[PDB]
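Okay, here we've got a single chain as structure tokens, the form deposited in one PDB entry, with questions on binding and movement later.
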């Protein structure tokens, strides 16, 4: 609780220099190390821990605004094209192209038995929509079924991702700001840690 105030300060001092950038994004991702063979950190939760994080979140903030969206992502030469989805789950029309550049990443120390936490600040710069002419299947694809709960300046993202047949579960919290420069504060970061640590520690 005092040590949590210190981490929040350490995070703020590292990222403050970046908030002047347009299109800045901040997120905390639950995950684990050495759960797949090619990767170090994998941003995923078990099917069981996903559904009780879902039950927790949906009772604790039932008043909160909520949305659900199915989208079709295709990665192409470092850019991400997002496609809307029809009844069956198939790509229709491209809705956004962004390029994501990681500006700062930090691994958060967690309690024993909890999911690992990864804090990242990046830029997601929108792009020229005429590149959508490459179509929804010009590269590796990800079908995302996202549940989104917004609570003040915090958005919870629970996503069932189907890639290459296998389905995985992702849990992240993002910053929701009218202006990241003014609003993303140290006291905000400390609440991010507090809320993210809650999710990581059930059971």
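Numbering follows the first chain given and starts at 1. Rigid core (definition): largest C-alpha set, two forms, superposition within 1.5 Å.
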At a threshold of one third of the other compared entries, does residue 17 come out as unmodelled?
no
Unmodelled in at least a third of other entries of this protein, residue 166:
no
Highest mean C-alpha temperature factor of the two stretches 29 to 37 and 58 to 66, which is it?
58 to 66
Which of 84 to 92 and 102 to 110 has higher mean CA B factor, as the PDB entry lists it
84 to 92
Among 43, 173, 167, 143, where is the Cα B factor highest in this entry?
167
Using the temperature factors of the C-alpha atoms in this entry, rank residue 52 within its chain: lowest, middle or highest third.
highest
Which third, lowest, middle or highest, does the CA B-factor of residue 200 fall in along this chain?
lowest
Chain-wide C-alpha B factor ranking for residue 138, given as lowest, middle or highest third:
lowest
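This protein has a second form, the form deposited in another entry, left out of what is shown; the following refers to that one.
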Residue 65: CA shift of at least 2 Å between the shown form and the other one after core fit?
yes
Residue 15 C-alpha moves between the shown form and the other one by 2 Å or more, core aligned
yes
Pairwise C-alpha change, residue 21 versus residue 69, in the other form against this form - closer or farther, 3 angstroms or more:
closer
Might you say whether the CA atoms of residue 170 and residue 8 end up closer or farther apart in the other form than in this form? Their distance differs by 3 Å or more.
farther
